[PDB]
4 protein chains.
Amino acid sequence: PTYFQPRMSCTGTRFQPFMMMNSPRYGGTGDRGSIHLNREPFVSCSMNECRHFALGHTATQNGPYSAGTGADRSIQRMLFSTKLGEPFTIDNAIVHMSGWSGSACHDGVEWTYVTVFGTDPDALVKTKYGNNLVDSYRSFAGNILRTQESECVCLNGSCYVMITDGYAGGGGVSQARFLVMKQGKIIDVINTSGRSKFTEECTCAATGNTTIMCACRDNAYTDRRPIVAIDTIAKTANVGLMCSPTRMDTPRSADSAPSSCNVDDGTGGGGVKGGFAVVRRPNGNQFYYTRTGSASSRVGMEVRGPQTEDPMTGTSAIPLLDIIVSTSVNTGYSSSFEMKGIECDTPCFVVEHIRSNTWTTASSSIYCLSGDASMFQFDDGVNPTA
Amino acid sequence: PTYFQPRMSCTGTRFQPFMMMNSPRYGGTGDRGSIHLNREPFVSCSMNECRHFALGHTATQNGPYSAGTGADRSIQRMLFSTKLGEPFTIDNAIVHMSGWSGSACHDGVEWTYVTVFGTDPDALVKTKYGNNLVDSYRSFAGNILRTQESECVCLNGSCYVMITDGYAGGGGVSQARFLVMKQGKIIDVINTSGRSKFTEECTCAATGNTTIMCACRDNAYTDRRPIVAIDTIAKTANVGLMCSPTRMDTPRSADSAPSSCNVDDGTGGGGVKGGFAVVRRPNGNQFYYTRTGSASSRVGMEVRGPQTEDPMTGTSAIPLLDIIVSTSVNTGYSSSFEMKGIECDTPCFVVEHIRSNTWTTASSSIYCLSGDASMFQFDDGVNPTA
Amino acid sequence: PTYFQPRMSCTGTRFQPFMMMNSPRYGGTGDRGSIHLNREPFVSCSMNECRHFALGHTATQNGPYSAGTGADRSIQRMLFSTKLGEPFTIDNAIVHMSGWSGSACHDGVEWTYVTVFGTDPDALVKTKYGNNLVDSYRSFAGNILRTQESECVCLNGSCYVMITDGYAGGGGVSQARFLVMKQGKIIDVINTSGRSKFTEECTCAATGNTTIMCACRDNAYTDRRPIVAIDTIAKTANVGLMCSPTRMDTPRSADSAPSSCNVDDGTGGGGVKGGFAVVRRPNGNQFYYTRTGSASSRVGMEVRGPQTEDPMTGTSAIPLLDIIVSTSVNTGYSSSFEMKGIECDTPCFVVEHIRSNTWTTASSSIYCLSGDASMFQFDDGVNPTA
Amino acid sequence: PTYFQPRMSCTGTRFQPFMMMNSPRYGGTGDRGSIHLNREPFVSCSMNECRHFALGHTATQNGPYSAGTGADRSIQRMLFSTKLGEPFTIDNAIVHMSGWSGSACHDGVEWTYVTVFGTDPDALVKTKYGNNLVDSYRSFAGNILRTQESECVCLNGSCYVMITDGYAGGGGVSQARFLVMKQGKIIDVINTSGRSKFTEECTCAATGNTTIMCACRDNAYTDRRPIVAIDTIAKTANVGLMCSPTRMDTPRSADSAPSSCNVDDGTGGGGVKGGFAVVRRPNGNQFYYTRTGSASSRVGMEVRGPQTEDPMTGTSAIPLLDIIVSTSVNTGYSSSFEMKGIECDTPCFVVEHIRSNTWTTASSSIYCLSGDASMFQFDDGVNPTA
Ligand SMILES: *[C@@H]1O[C@H](CO)[C@@H](O)[C@H](O)[C@H]1NC(C)=O
Ligand SMILES: *[C@@H]1O[C@H](CO)[C@@H](O)[C@H](O)[C@H]1NC(C)=O
Ligand SMILES: *[C@@H]1O[C@H](CO)[C@@H](O)[C@H](O)[C@H]1NC(C)=O
Ligand SMILES: *[C@@H]1O[C@H](CO)[C@@H](O)[C@H](O)[C@H]1NC(C)=O
């Protein structure tokens, strides 16, 4: 009835610091806070509220169960969120469902949540709409089934969420599929084509009505991100590697043009989830990317400036816009979301900060498209031994 | 005006792990949480929210009053709940009324709460609707008056809650009655017939408009659960023992057919509240049951697959569907609830986990009907000496 | 527009235990809770929610400022409340305004709050409506200005709150006035007549449309409570002493008839706020009273049964209905409130329990009109040295 | 659609104690609370709720990060608020955006938030409306960009917020500008005229429809506050110094008339944000001011009585109304806000109290226009070493 449709983005040229959800700063052995242990934070917004989602380990930052929370998958993993702006404490967190992998988005009416939970070789995808469980999808490759770990994209009520299934190591194949949900019910599945061989942890944004574009991870063959062009009328997802000389993954080789756009050329396997933002304008879209600062290590964070060429076939270099996190500060996964205002959408990037001692926590820094001003780089301010 | 009526259930063949309300995992002597001490958790849902209900002891998990909270009845017992997904902490819990036994349900308009509180030989049932106390019912057998300890069933505004009163030991008689409430006011009382001799801790689900079916406990004569068929037009509750060779109580004898359906045959007295779910379909209902894993002890938990025969007179064995809790993990009471979605209902089972040191707490695991996938068995993850 | 008017009470013959807001049971030096230090708790209800109000000392139960919280008046006193059913913790409490004396009620549209704050010889009454400060009233006798410390009574939008001002010791005069507020604005002041000499801490309930009756304290001359009959059309408050042989204050002499209804006869000064409930029926009102158990000390608590004679001029004894608190448990102030349901009102009594070590706290027990059942007496369960 | 417009103020002659948001009184090394470290608190109100805003340091009152929170600007600074009446704890606080300087107000529909964040020589102003980031404004003088640190004024949807940029020391120039926002979008900028040389930390109140008046700080040349008269139709802000002999800043010289109204005459640089309230009446406006008690030090707090002459050119002395904080209690910044009731507005002053040990916190005392009664002076009651 009132389903959200993408709008043109508002005026701005830089992604300026907006909010820091540095949850594990009100905890520590010398403090009084009770904070969730989690990984892979992301933000999704409705037109009235933004929420900060994460996968927790059902344990406090400084508690008897904090050991063992560095695991990627466990039966204690759950998807939970708070409103953006809340400290992300145990009392403020709302658990949506169990799951060691997941995503969430809002269609303009109600929140849709997607998680993956189960045994590694046979995990199940479950979808929930409005606190009522709606649907499920079974593992298709016989390997760890994974989601975006970021916001899913809703177009007039149809929400497109990426799922993948396959071996994430060298020599593996991980062909992604996009589930199309309406009110949490899976109505369609769009399989990939093009360089479908390995698509993982896709960060997606709308490129206008009827079209979605994603920038994904490749953890086995290259260090150039796959770009997935989803045509929702043709019902096809065309995957290919960025032909740009600027490499967006971590580890990565020195920037250079590929000999051919879809040839595997890089440092080998491994990778990090990255950011991807689209600034939609009446005269064409501009694309922005996040990259770690130091090549070969998840240190620092840069924003690569507007690309006016197709992210797949442009072949031009992507200029540096700003350095948002210095190389003295460790970083993790990067994602993106859009605020949905009264008149326009506002692209924002989310930068993960990883902190550990005898437990592992995540902190997030949100940078939103705004006006031109000198960058004020952010240090998480979390001391694992505080 | 907008009273809820049962709907057909959605597609699914397995009860897959959904959410674990393992409240006493953010507490412990080494943590900073303040968590209620409680027993007999259950979940009830509205179409917009699900709530997790429990009977507390007005004490924290690790506090000066934690001793003595293993009692079944005390004047400090109270009925309280949080939204499903909340940690069930002291600050999130809302107390509804005092009571050492109780149930709750939502009729599509507002929440109805039922508790029993008073002296053992002369306890009083009280009903509340929408935070306003509405009605009461007095003890009828001169013994401990008890409720379902699970969700009550509302049919177009009329909510059916089980109450029982009698000696729970060997040689006792405990004849149940069903109170029919409308807006919390008791409008009718349906007495039982058939094997009315001992009916306790009934887990009820609708079997369609105008009909409710319950699977109850028998703690004195047998190890086969009583099944109560409630005809809301005829205003009769027909009770009889499951004629199936599969015995659902704990302790229980090895599975075997009874010599006659309502003959008392088993290991003697004792028992546990069990689960009972109905999958309503246009071509007939399917019934699902929970059972402990190890016969003679409350260890593990199994889900017994669809029974297409009448739960009372079928006489066929009920196949094993899944083992949801391994026998290395202790379990307690089992119950069931239904989520009420936009298009359909979703049957879910709730499995209690009991943990104690110098206090006693309960944790709950929720398994909801979903798609076919390998089972991922759950270990509560609560260390009484954490 | 939707202002509340009194309704007939529902069926019942006993005030049965309903809820215990024993806030200082989740605190203590061995616990993790942060609970307000307060005195004189009372409950007021809207048709959708009940709230528990108290005057706090802006300090935690076990904190660096807990010393000195036994004071009756200080600049750190504030009026705050939580929803009835909440633990009344620091995080759940909402502060309404500063004040060392106060009352609150709901008119069917929004909450009206009244407090007294200022210097003893020249304190100010302030009224607030809907979080916006509306009006004030200045001290009139040059002595400590006081309120009811209980729910104010709203009749079709006009809310009647008692204020008094005078010396509370022997030989003093404390003539009460009733402020009539509409949307928090003081529209009228009704002065008292009859035995106006000393009226304090009035517990008021409606006796039907256009009429309010209160049972007050007399802390200087007698041990019989003043009864105030407020005629809202005549705009008069007629005060006189209960002519009944049953004495409701503490300390009190042995029950005996007075030689004349308004002659000062008793144990001298001192007193306690008491309960007063009205069961409105089509054939006349019934009155119920609370009394301490042990005469001469605030120990235990009794409910004195229905009085069908005018509370002022009846002259008959008031029979004992139930003993609600045993004499092994210390008690404090008693008050009353009414729940406002869909069809009827439900009179309820609130019994204060006082606990102290190096701080002073209050706990409250709520007993609501319900069916006939044996009484289950309540022990606060709060250990000052827990 | 429903945008707020100023109303006439209600009856009253004194600003009487209303509420004390003494947040750091439920914390301390001996307590269990987790309270934000912050500075420059202020209150802004909607017609349904009042909120207490502050700039935090993302640290608890008694935690591992409490050192270093006495800084005026840092990357850990954020704007957050709670409802007025809440303890302002970590769990109740909602973070709106990052920022080391800011303001907030409500236009009758939704909350507008303004902050300044960035590097000192090139900071950015950002505006947010309804949890969605809307606009920004860049530094204009090449120096620290600052906001009011108090409520912004909304007239029929147009919200007027003061920003300034310049050197705050001796010999500096700090010319203010007023941004006019509608739904968070900056629609106009009104530059100042008159004694535009140094305008800072303006406390603004409406003087009627189409007009706003502010009393500002001057931290370099004088100890008389600048008054800014904003004509929203002429779109001009006329700045000049108070010609009154009563000096409102701190430090200040002994009261005396200036030789000429806009001649710099005082004790030199330095200053404190002060209060400014307007009582709008059909026969003209009255102005009220706050002043510290002890000249030359931020000790105590006085309210200077109604000024019926133009605050700029009156030249008469402003009589003392009340002493609201004694000189035994240290004070900080003062501001003002208006409650928006059903029929009228209610001017209120907010008095900051500064407390520090190894951390710095702020407490606030709210005094609202009410009736005539003897003043009850307030001592914060916060012990830095509690
Ligand atoms: C999508 O379509 C809507 C109208 O249905 C329009 O208002 C909006 O601007 C469009 N967005 C884009 C990005 O084209
Ligand atoms: C109950 O009746 C309603 C119509 O009143 C119908 O929509 C619903 O499907 C029925 N449910 C069952 C289980 O028969
Ligand atoms: C008060 O008047 C209303 C009608 O205005 C009526 O419904 C209600 O029952 C009356 N209450 C009493 C106690 O007479
Ligand atoms: C402002 O104008 C409105 C009508 O638009 C009026 O009701 C209000 O009283 C005016 N306020 C002042 C202060 O003049």
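Start at 1 and go down the list; that is how both ligands and their atoms are numbered. Hydrogens, waters and symmetry mates play no part in the numbers below; they use all other heavy atoms, side chains included. In what follows, chains carry the letters A, B, and so on, assigned in the order in which the sequence lines appear, proteins first and then strands, with residues in each chain numbered from 1.
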Identified side chain to side chain donor-acceptor pair (under 3.5 Å) partner of D:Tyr3 from the options D:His106, D:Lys182, D:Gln183: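 Exactly one option meets the side chain to side chain donor-acceptor pair (under 3.5 Å) with D:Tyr3, and it is D:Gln183.
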
Identified side chain to side chain donor-acceptor pair (under 3.5 Å) counterpart of B:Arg280 within the set B:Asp345, B:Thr207, B:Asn209: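 Result: among B:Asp345, B:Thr207, B:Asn209, B:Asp345 is the only option passing the side chain to side chain donor-acceptor pair (under 3.5 Å) with B:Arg280.
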
Quick one: are the [X] and [Y] sulfurs under 2.5 Å apart?
X	Y	result
A:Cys204	A:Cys214	yes
B:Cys159	B:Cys154	yes
D:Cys344	D:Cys10	yes

Identify all pairs of nitrogen or oxygen atoms, one from ligand 2 and one from the protein, separated by less than 3.5 Å, and list them with distances.
unit_1   : atom_1 : unit_2   : atom_2 : d
ligand 2 : 2 (O)  : B:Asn209 : OD1    : 3.4
ligand 2 : 2 (O)  : B:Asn209 : ND2    : 2.3
ligand 2 : 5 (O)  : B:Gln5   : OE1    : 2.9
ligand 2 : 11 (N) : B:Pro6   : O      : 2.8
ligand 2 : 11 (N) : B:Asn209 : ND2    : 3.0
ligand 2 : 14 (O) : B:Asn209 : ND2    : 3.4

The single option from B:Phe276, B:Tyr288, B:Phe15 passing side chain to side chain contact (heavy atoms under 4.5 Å, CB included) against B:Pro347: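 Of B:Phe276, B:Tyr288, B:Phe15, side chain to side chain contact (heavy atoms under 4.5 Å, CB included) with B:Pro347 is met by B:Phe15 alone.
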
